[PDB]
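Trainee: here is my input, please return the structure:
(10 chains, ligands or ions: 173)
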Amino acid sequence: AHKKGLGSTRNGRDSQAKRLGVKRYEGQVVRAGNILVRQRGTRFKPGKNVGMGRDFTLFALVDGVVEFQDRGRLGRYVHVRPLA
Amino acid sequence: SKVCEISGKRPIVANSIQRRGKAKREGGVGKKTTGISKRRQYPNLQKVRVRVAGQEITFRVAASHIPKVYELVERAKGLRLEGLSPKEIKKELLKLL
Amino acid sequence: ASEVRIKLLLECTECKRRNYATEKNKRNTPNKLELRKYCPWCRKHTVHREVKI
Amino acid sequence: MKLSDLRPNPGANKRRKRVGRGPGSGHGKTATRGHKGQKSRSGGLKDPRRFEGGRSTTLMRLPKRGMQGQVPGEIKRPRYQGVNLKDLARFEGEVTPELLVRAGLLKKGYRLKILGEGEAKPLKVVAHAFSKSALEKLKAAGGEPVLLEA
Amino acid sequence: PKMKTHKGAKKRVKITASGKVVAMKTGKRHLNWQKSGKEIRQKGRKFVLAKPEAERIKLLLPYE
RNA sequence: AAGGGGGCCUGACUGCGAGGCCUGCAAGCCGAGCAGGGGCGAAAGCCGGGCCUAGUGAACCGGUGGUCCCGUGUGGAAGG
RNA sequence: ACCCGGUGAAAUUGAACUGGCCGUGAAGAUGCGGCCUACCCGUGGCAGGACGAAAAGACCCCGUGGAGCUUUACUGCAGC
RNA sequence: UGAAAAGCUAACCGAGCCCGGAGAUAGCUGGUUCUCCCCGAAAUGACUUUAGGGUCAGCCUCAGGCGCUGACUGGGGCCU
RNA sequence: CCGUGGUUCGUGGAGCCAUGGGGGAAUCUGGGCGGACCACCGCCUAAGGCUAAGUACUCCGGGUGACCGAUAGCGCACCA
RNA sequence: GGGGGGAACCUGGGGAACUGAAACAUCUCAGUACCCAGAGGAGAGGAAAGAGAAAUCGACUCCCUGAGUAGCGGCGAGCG
Ligand SMILES: [Mg+2]
Ligand SMILES: [Mg+2]
Ligand SMILES: [Mg+2]
Ligand SMILES: [Mg+2]
Ligand SMILES: [Mg+2]
Ligand SMILES: [Mg+2]
Ligand SMILES: [Mg+2]
Ligand SMILES: [Mg+2]
Ligand SMILES: [Mg+2]
Ligand SMILES: [Mg+2]
Ligand SMILES: [Mg+2]
Ligand SMILES: [Mg+2]
Ligand SMILES: [Mg+2]
Ligand SMILES: [Mg+2]
Ligand SMILES: [Mg+2]
Ligand SMILES: [Mg+2]
Ligand SMILES: [Mg+2]
Ligand SMILES: [Mg+2]
Ligand SMILES: [Mg+2]
Ligand SMILES: [Mg+2]
Ligand SMILES: [Mg+2]
Ligand SMILES: [Mg+2]
Ligand SMILES: [Mg+2]
Ligand SMILES: [Mg+2]
Ligand SMILES: [Mg+2]
Ligand SMILES: [Mg+2]
Ligand SMILES: [Mg+2]
Ligand SMILES: [Mg+2]
Ligand SMILES: [Mg+2]
Ligand SMILES: [Mg+2]
Ligand SMILES: [Mg+2]
Ligand SMILES: [Mg+2]
Ligand SMILES: [Mg+2]
Ligand SMILES: [Mg+2]
Ligand SMILES: [Mg+2]
Ligand SMILES: [Mg+2]
Ligand SMILES: [Mg+2]
Ligand SMILES: [Mg+2]
Ligand SMILES: [Mg+2]
Ligand SMILES: [Mg+2]
Ligand SMILES: [Mg+2]
Ligand SMILES: [Mg+2]
Ligand SMILES: [Mg+2]
Ligand SMILES: [Mg+2]
Ligand SMILES: [Mg+2]
Ligand SMILES: [Mg+2]
Ligand SMILES: [Mg+2]
Ligand SMILES: [Mg+2]
Ligand SMILES: [Mg+2]
Ligand SMILES: [Mg+2]
Ligand SMILES: [Mg+2]
Ligand SMILES: [Mg+2]
Ligand SMILES: [Mg+2]
Ligand SMILES: [Mg+2]
Ligand SMILES: [Mg+2]
Ligand SMILES: [Mg+2]
Ligand SMILES: [Mg+2]
Ligand SMILES: [Mg+2]
Ligand SMILES: [Mg+2]
Ligand SMILES: [Mg+2]
Ligand SMILES: [Mg+2]
Ligand SMILES: [Mg+2]
Ligand SMILES: [Mg+2]
Ligand SMILES: [Mg+2]
Ligand SMILES: [Mg+2]
Ligand SMILES: [Mg+2]
Ligand SMILES: [Mg+2]
Ligand SMILES: [Mg+2]
Ligand SMILES: [Mg+2]
Ligand SMILES: [Mg+2]
Ligand SMILES: [Mg+2]
Ligand SMILES: [Mg+2]
Ligand SMILES: [Mg+2]
Ligand SMILES: [Mg+2]
Ligand SMILES: [Mg+2]
Ligand SMILES: [Mg+2]
Ligand SMILES: [Mg+2]
Ligand SMILES: [Mg+2]
Ligand SMILES: [Mg+2]
Ligand SMILES: [Mg+2]
Ligand SMILES: [Mg+2]
Ligand SMILES: [Mg+2]
Ligand SMILES: [Mg+2]
Ligand SMILES: [Mg+2]
Ligand SMILES: [Mg+2]
Ligand SMILES: [Mg+2]
Ligand SMILES: [Mg+2]
Ligand SMILES: [Mg+2]
Ligand SMILES: [Mg+2]
Ligand SMILES: [Mg+2]
Ligand SMILES: [Mg+2]
Ligand SMILES: [Mg+2]
Ligand SMILES: [Mg+2]
Ligand SMILES: [Mg+2]
Ligand SMILES: [Mg+2]
Ligand SMILES: [Mg+2]
Ligand SMILES: [Mg+2]
Ligand SMILES: [Mg+2]
Ligand SMILES: [Mg+2]
Ligand SMILES: [Mg+2]
Ligand SMILES: [Mg+2]
Ligand SMILES: [Mg+2]
Ligand SMILES: [Mg+2]
Ligand SMILES: [Mg+2]
Ligand SMILES: [Mg+2]
Ligand SMILES: [Mg+2]
Ligand SMILES: [Mg+2]
Ligand SMILES: [Mg+2]
Ligand SMILES: [Mg+2]
Ligand SMILES: [Mg+2]
Ligand SMILES: [Mg+2]
Ligand SMILES: [Mg+2]
Ligand SMILES: [Mg+2]
Ligand SMILES: [Mg+2]
Ligand SMILES: [Mg+2]
Ligand SMILES: [Mg+2]
Ligand SMILES: [Mg+2]
Ligand SMILES: [Mg+2]
Ligand SMILES: [Mg+2]
Ligand SMILES: [Mg+2]
Ligand SMILES: [Mg+2]
Ligand SMILES: [Mg+2]
Ligand SMILES: [Mg+2]
Ligand SMILES: [Mg+2]
Ligand SMILES: [Mg+2]
Ligand SMILES: [Mg+2]
Ligand SMILES: [Mg+2]
Ligand SMILES: [Mg+2]
Ligand SMILES: [Mg+2]
Ligand SMILES: [Mg+2]
Ligand SMILES: [Mg+2]
Ligand SMILES: [Mg+2]
Ligand SMILES: [Mg+2]
Ligand SMILES: [Mg+2]
Ligand SMILES: [Mg+2]
Ligand SMILES: [Mg+2]
Ligand SMILES: [Mg+2]
Ligand SMILES: [Mg+2]
Ligand SMILES: [Mg+2]
Ligand SMILES: [Mg+2]
Ligand SMILES: [Mg+2]
Ligand SMILES: [Mg+2]
Ligand SMILES: [Mg+2]
Ligand SMILES: [Mg+2]
Ligand SMILES: [Mg+2]
Ligand SMILES: [Mg+2]
Ligand SMILES: [Mg+2]
Ligand SMILES: [Mg+2]
Ligand SMILES: [Mg+2]
Ligand SMILES: [Mg+2]
Ligand SMILES: [Mg+2]
Ligand SMILES: [Mg+2]
Ligand SMILES: [Mg+2]
Ligand SMILES: [Mg+2]
Ligand SMILES: [Mg+2]
Ligand SMILES: [Mg+2]
Ligand SMILES: [Mg+2]
Ligand SMILES: [Mg+2]
Ligand SMILES: [Mg+2]
Ligand SMILES: [Mg+2]
Ligand SMILES: [Mg+2]
Ligand SMILES: [Mg+2]
Ligand SMILES: [Mg+2]
Ligand SMILES: [Mg+2]
Ligand SMILES: [Mg+2]
Ligand SMILES: [Mg+2]
Ligand SMILES: [Mg+2]
Ligand SMILES: [Mg+2]
Ligand SMILES: [Mg+2]
Ligand SMILES: [Mg+2]
Ligand SMILES: [Mg+2]
Ligand SMILES: [Mg+2]
Ligand SMILES: [Zn+2]
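Mentor: Residues are numbered from 1 along each chain as shown, chains lettered A, B, ... in the order given. Ligands and ions are numbered 1, 2, ... in the order given. Provided below are the atomic coordinates:
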């Protein structure tokens, strides 16, 4: 009756979502070790008191307060000012 | 095969277990049973004719006890038996048992 | 891995323990693998060599 | 007090729940079971402490560990029960395991190991075993530790 | 009749003093040649089961 | 410089792991720092594989090398 | 078959005070809306509707349902 | 048993009838009975021989604890 | 020794008790057993049989019910 | 001297499947239902070739406990 010669689909897939992005913002208080940015490549660069992991993850090296900075052509940086 | 007239041996139920695969003993994964089923195991019943009091007697026994049949003849030699029917005699021999 | 990129253990020549496991290409680098490596048993470093996985 | 005077305290005796007795009760029709599905049926669900709808269960995906024993079963070893000095206050003079058991402390068929928690009184405690710290702590407060081998 | 201990749980898991439920980390039985040292090491430890699944397992070990 | 060449090398470490990302579970991911014994560097330092994101498979059952913990009256052995 | 005397069942039936049209509404309304129509009760007739009766659709799909049959599906048993 | 239709074997035979295992099993359908008061959902995610069924989470409710932390709004950084 | 049963034991390191098949002793300086096997240290005396009580049940007799009260209680209060 | 009957209980010879495993074959159901032989107010068992770790116990049976332990187990369901 109805269901005639239809077709198929040579594609139709995707990968899992990877939850990338900034994870702590300017002014947020953070413990040393806190993840600050998940990223691909240096969309952000590590600054004061901030280290970078093998997959470009940015984390705090000290307890402190997160601070952002756009230095134009030198890129964007995440810092952590320690607290007295 | 029914019952051995000497030993009372008779057929019993026994399983046929079917296995598969390498033994753990030989560093295999281990045996796997693919089936269990019942069969029977019969006594090795055999026929032993024999002549007691000149009359010919015939026993049906496991092979295991055949020599015991010949022991009985040896022992019934010290016995009044004549003019007895073959059944009469056999019943008497088994009484020696 | 593959028939050609194979797995293997590194065995300490001093005390014969295998302390590391890795790989190699058999075609490319066909010789046994010689390498210094820390031995937890000997508690020093040691020349370890390849050993069939 | 009369037989009529007798009654329980409030709360001591609640009326049991009775589902399926009509609209006003609050448990009618479905009888708190909702609509349809395995769980609503008499008999109901597979044991929910384990079953997960047929996926490999969380319990069965964890790995087994340590000696699991094997036939012909377990090996009888001497069992040791600990007791601390802190629970030796209610004693004077000798302190045998025989006392310690006749006291609700030392569980029967257990050998006596003195542990070091709490402070010590100078007494003759007789045990099958002593904590490193307990031994010396008792010796410091002057007491007399004797080791049984029976 | 009286409840039976689930021997599968009894062989995989422990109830700590406070009723925590611990097990070995999964994922170390094999395929390790290319697993990092860190990973093989961290999986060497025990871990506390999440509360929901933990409390299901405790019910299984009732005479524990 | 994450790219191209060279020198020396094996950290493609062992024992850990504050703190977080992710997340129903179980998984997955990043990680400073401490100790051991090393590499390269005058040094500060960097090194617990690879510019990063795929290259994978829980548990059960068994194999192989260690260890020498249990081992049914005791010592071995079998087996764990 | 119809009428009179005699005897006298049945499937079915929520209750019924049970009209038409055009709309409407779970999309095919005696039962909702707006109109139209219709004094009360029967008898002999016709079958358009009451998605009329009957049979918890046989088709279709679903169920980690059942059964019969097939084989170089798996495993087993008889037999040889 | 069948001059073959899976025919027949006590009025329905692709496996007779009776009693028994037996309250087989039914993730399905149906049914589940007095009253008033307070609160009040969900029809989503993940895995699932799973897809009209489940396990964990989400949302409801009750008790105990905490005590201004809440939705929403004003000011201000940062992220897109 | 081979094939099996029993036991918590599903071939397992698989003893012990039982035995359908094959081989096949000894009479105490002998045999079996204490979970492969061996040594040691021990337990027991196979291949003949009998034996009360304590236990099980309720056709039958009695006694008693926060047991039923003629759609209940046995199928049957009655000519079941 | 036997034969045959007896509500259930008892020993022995033979012995299922539905079901559970959310499929299924090992496993489970269960040595259950059932068939057969026999015993008797009981029947079975019973005076160690025992237990099993103590230099111990001392026929058997029955109850509580040991214990859902030790173990068994597609090491699953479960069994014990
Ligand atoms: Mg069509
Ligand atoms: Mg087509
Ligand atoms: Mg094409
Ligand atoms: Mg994507
Ligand atoms: Mg994800
Ligand atoms: Mg997507
Ligand atoms: Mg770096
Ligand atoms: Mg990153
Ligand atoms: Mg700023
Ligand atoms: Mg600037
Ligand atoms: Mg620039
Ligand atoms: Mg720059
Ligand atoms: Mg730049
Ligand atoms: Mg630039
Ligand atoms: Mg015969
Ligand atoms: Mg038999
Ligand atoms: Mg048998
Ligand atoms: Mg097996
Ligand atoms: Mg002959
Ligand atoms: Mg003649
Ligand atoms: Mg003749
Ligand atoms: Mg012969
Ligand atoms: Mg012979
Ligand atoms: Mg005579
Ligand atoms: Mg050297
Ligand atoms: Mg080679
Ligand atoms: Mg060396
Ligand atoms: Mg008063
Ligand atoms: Mg009163
Ligand atoms: Mg009550
Ligand atoms: Mg209510
Ligand atoms: Mg309600
Ligand atoms: Mg109703
Ligand atoms: Mg409810
Ligand atoms: Mg309903
Ligand atoms: Mg229902
Ligand atoms: Mg059910
Ligand atoms: Mg239930
Ligand atoms: Mg249930
Ligand atoms: Mg799970
Ligand atoms: Mg589980
Ligand atoms: Mg154990
Ligand atoms: Mg045991
Ligand atoms: Mg139970
Ligand atoms: Mg279990
Ligand atoms: Mg298990
Ligand atoms: Mg827990
Ligand atoms: Mg490695
Ligand atoms: Mg380790
Ligand atoms: Mg909790
Ligand atoms: Mg519990
Ligand atoms: Mg470079
Ligand atoms: Mg260049
Ligand atoms: Mg170039
Ligand atoms: Mg280069
Ligand atoms: Mg080059
Ligand atoms: Mg270089
Ligand atoms: Mg140099
Ligand atoms: Mg490596
Ligand atoms: Mg801290
Ligand atoms: Mg800490
Ligand atoms: Mg998590
Ligand atoms: Mg991954
Ligand atoms: Mg250095
Ligand atoms: Mg330099
Ligand atoms: Mg230097
Ligand atoms: Mg590196
Ligand atoms: Mg690369
Ligand atoms: Mg790569
Ligand atoms: Mg995969
Ligand atoms: Mg399995
Ligand atoms: Mg192994
Ligand atoms: Mg193993
Ligand atoms: Mg040892
Ligand atoms: Mg030993
Ligand atoms: Mg031994
Ligand atoms: Mg040993
Ligand atoms: Mg070993
Ligand atoms: Mg007329
Ligand atoms: Mg007329
Ligand atoms: Mg008439
Ligand atoms: Mg009406
Ligand atoms: Mg129409
Ligand atoms: Mg009308
Ligand atoms: Mg109607
Ligand atoms: Mg209206
Ligand atoms: Mg109208
Ligand atoms: Mg008329
Ligand atoms: Mg008329
Ligand atoms: Mg008319
Ligand atoms: Mg009509
Ligand atoms: Mg029909
Ligand atoms: Mg049709
Ligand atoms: Mg079904
Ligand atoms: Mg299926
Ligand atoms: Mg299904
Ligand atoms: Mg079908
Ligand atoms: Mg004909
Ligand atoms: Mg008839
Ligand atoms: Mg008939
Ligand atoms: Mg028909
Ligand atoms: Mg036929
Ligand atoms: Mg997934
Ligand atoms: Mg499905
Ligand atoms: Mg679903
Ligand atoms: Mg369903
Ligand atoms: Mg839930
Ligand atoms: Mg929601
Ligand atoms: Mg409250
Ligand atoms: Mg307060
Ligand atoms: Mg406030
Ligand atoms: Mg705001
Ligand atoms: Mg044998
Ligand atoms: Mg037997
Ligand atoms: Mg057996
Ligand atoms: Mg038994
Ligand atoms: Mg056996
Ligand atoms: Mg085993
Ligand atoms: Mg055995
Ligand atoms: Mg032996
Ligand atoms: Mg035997
Ligand atoms: Mg034999
Ligand atoms: Mg001899
Ligand atoms: Mg002699
Ligand atoms: Mg002797
Ligand atoms: Mg013994
Ligand atoms: Mg032994
Ligand atoms: Mg031997
Ligand atoms: Mg003995
Ligand atoms: Mg005797
Ligand atoms: Mg007797
Ligand atoms: Mg009576
Ligand atoms: Mg009476
Ligand atoms: Mg009454
Ligand atoms: Mg009546
Ligand atoms: Mg009446
Ligand atoms: Mg009446
Ligand atoms: Mg009636
Ligand atoms: Mg009666
Ligand atoms: Mg009467
Ligand atoms: Mg009558
Ligand atoms: Mg009667
Ligand atoms: Mg009568
Ligand atoms: Mg008689
Ligand atoms: Mg009779
Ligand atoms: Mg017999
Ligand atoms: Mg029987
Ligand atoms: Mg018989
Ligand atoms: Mg079956
Ligand atoms: Mg079940
Ligand atoms: Mg099933
Ligand atoms: Mg099922
Ligand atoms: Mg069942
Ligand atoms: Mg039997
Ligand atoms: Mg049994
Ligand atoms: Mg029975
Ligand atoms: Mg009497
Ligand atoms: Mg008696
Ligand atoms: Mg009596
Ligand atoms: Mg008796
Ligand atoms: Mg007897
Ligand atoms: Mg006897
Ligand atoms: Mg004796
Ligand atoms: Mg023993
Ligand atoms: Mg003693
Ligand atoms: Mg002793
Ligand atoms: Mg003694
Ligand atoms: Mg002695
Ligand atoms: Mg079982
Ligand atoms: Mg078992
Ligand atoms: Mg069983
Ligand atoms: Mg079994
Ligand atoms: Zn070494």
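
Trainee: so which helix or strand takes in residue E:22?
Mentor: Taking DSSP states H and E as the criterion, residue E:22 maps to strand E:21-24.

Trainee: can you list phi and psi of residue 17 for me?
Mentor: In the absence of a named chain, chain A is used. phi -60, psi 140 (degrees, to the nearest 10).

Trainee: actually, chain E is the one I wanted.
Mentor: Torsion angles, degrees, to the nearest 10, at residue E:17: phi -60, psi -40.

Trainee: quickly list what residue C:7 is bridged to.
Mentor: Judged by DSSP bridges, the bridge partners of residue C:7 are residue C:23.

Trainee: which residues does the spatially most central residue of chain B form beta bridges with?
Mentor: Nearest to the geometric centre of chain B sits residue B:62, at 2.3 Å (Cα atoms, centre = their mean). Beta-bridge pairing for residue B:62 (DSSP bridges): residue B:45.

Trainee: pretty sure it contacts residue B:45?
Mentor: Yes. Contact criterion Cβ atoms under 8 Å: residue B:62 and residue B:45 qualify, at 5.9 Å. In this view, the C-beta of every residue, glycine as well, is placed from N, C-alpha and C.

Trainee: overlap in contacts, these two.
Mentor: Counting by Cβ atoms under 8 Å, 6 or more residues apart in numbering or on different chains, the common neighbours of residue B:62 and residue B:45 are residue B:4.

Trainee: determine the number of other residues adjacent to residue B:9.
Mentor: 19 (other Cβ atoms under 10 Å in any protein chain shown).

Trainee: mind checking how far the residue nearest to it when sequence neighbours are not counted is from ligand 41?
Mentor: Leaving aside its chain neighbours, residue B:9 sits nearest to residue B:43 (4.1 Å; criterion: Cβ to Cβ, 6 or more residues apart in numbering or on different chains). Distance, residue B:43 to ligand 41, using Cβ to the ion, to the nearest Å: 52 Å.

Trainee: do residue B:83 as well
Mentor: 83 Å.

Trainee: ok, now residue B:14?
Mentor: 39 Å.

Trainee: what sits against that residue?
Mentor: Residue B:14 neighbours (Cβ under 8 Å, 6+ apart): B:38-41.

Trainee: tell me which of the residues you listed is nearest to ligand 1?
Mentor: Closest to ligand 1 out of these is residue B:38 (58.2 Å), distances taken as Cβ to the ion.

Trainee: surely that closest one is within a strand?
Mentor: Yes. With DSSP: H, G, I helix; E, B strand; the rest coil as the criterion, residue B:38 is part of a strand.

Trainee: that one against residue B:12, yeah?
Mentor: No. With contact defined as Cβ under 8 Å, residue B:38 does not count as touching residue B:12 (10.4 Å).

Trainee: what's the burial count for the nearest residue to residue D:117 once chain neighbours are set aside?
Mentor: Distances taken as Cβ to Cβ, 6+ apart place residue D:84 nearest to residue D:117, at 3.6 Å, with adjacent residues excluded. The tally of other residues near residue D:84 (other Cβ under 10 Å) stands at 16.

Trainee: in chain D, which spans are strands?
Mentor: All strands of chain D, identified by DSSP state E, fall at D:80-84, D:94-95, D:111-115, D:124-127, D:129-130, D:146-147.

Trainee: how about a markdown table for those strands, with distance to ligand 173 added?
Mentor: As requested, the strands of chain D are exported to a markdown table (distance: least, Cβ to the ion, whole Å):
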| stretch | distance to ligand 173 |
| --- | --- |
| strand D:80-84 | 38 |
| strand D:94-95 | 51 |
| strand D:111-115 | 39 |
| strand D:124-127 | 44 |
| strand D:129-130 | 38 |
| strand D:146-147 | 42 |
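
Trainee: and of these, who's closest to residue A:47?
Mentor: strand D:111-115 (54.8 Å; Cβ to Cβ).
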